[PDB]
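So this first bit is one chain, no partners, the form deposited in one PDB entry, shown in structure tokens.
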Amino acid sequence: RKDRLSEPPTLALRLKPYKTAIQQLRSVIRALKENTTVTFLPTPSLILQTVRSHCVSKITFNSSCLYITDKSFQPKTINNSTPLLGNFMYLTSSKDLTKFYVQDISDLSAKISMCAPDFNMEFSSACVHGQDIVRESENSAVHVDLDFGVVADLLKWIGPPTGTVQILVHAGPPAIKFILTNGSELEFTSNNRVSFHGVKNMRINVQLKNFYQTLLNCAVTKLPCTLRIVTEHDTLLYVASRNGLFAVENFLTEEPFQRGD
């Protein structure tokens, strides 16, 4: 055309940070379940969400990975499981990826472009719905930060429904107790490696499989890990860990154990 320029809003991945994060995460990415969602936001942000039985898991890439040309970019959530490609996020963890951007060309779909040395491809996936808003905009009733050394001790101790783990929190003094069904309890009291910010005398029960998976997911950061028991409405357990590149968050509901039908 001859007037003034115009390119559709474009959400681009910055390769060096993104490639660093997707390698660190390549364990989690290949294991992503068939119903996993990818969301692109003009914030900018990129969110992987997996909704399970009693667990919602979320992986948020932060701005350091993203460049957005134009903030009128409309939000898009697509299925990670893609009709011919399969695991889309896995595709992006290829080593010879050179360009990776998303364009807002239709309100109905999302145009993904990817490049490699002497090759380029694009596809569009239908936008799914949505809006699958499930966020931690609610503050904790008990909040505990665990040094990573503690995360590994927990993992190592849970080895190994197919079981539940009880979590007990004391207030005076503060302590946190992990109670398996077999009569073994693992406890942490105040010390340089576990910080109790807010705390009250309470207990919830979660599924052991999910909590273990949850802990594995946070441990990719090899950084501290945040444990919250939100008492909003649904009794909730929040486990999360983050670095400069991304944030692993997990929302586990208590297994209904208080009467009961």
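The numbering used is simple: start at 1 and walk along the sequence shown. In this text, rigid core is short for the largest set of C-alphas that superpose within 1.5 Å between two forms.
Keep in mind that the form deposited in another entry is not shown, yet the notes after this line are about it.
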Of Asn80, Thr77, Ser125, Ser140, which one has a Cα that moves 2 Å or more between the shown form and the other one once the core is lined up?
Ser140
Given that the distance between the C-alpha atoms of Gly149 and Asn139 changes by 3 Å or more in that other deposited form, do they end up closer or farther than here?
farther
Closer or farther: the CA pair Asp132/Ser63 in that other deposited form, versus this form, with a change of 3 Å or more?
closer
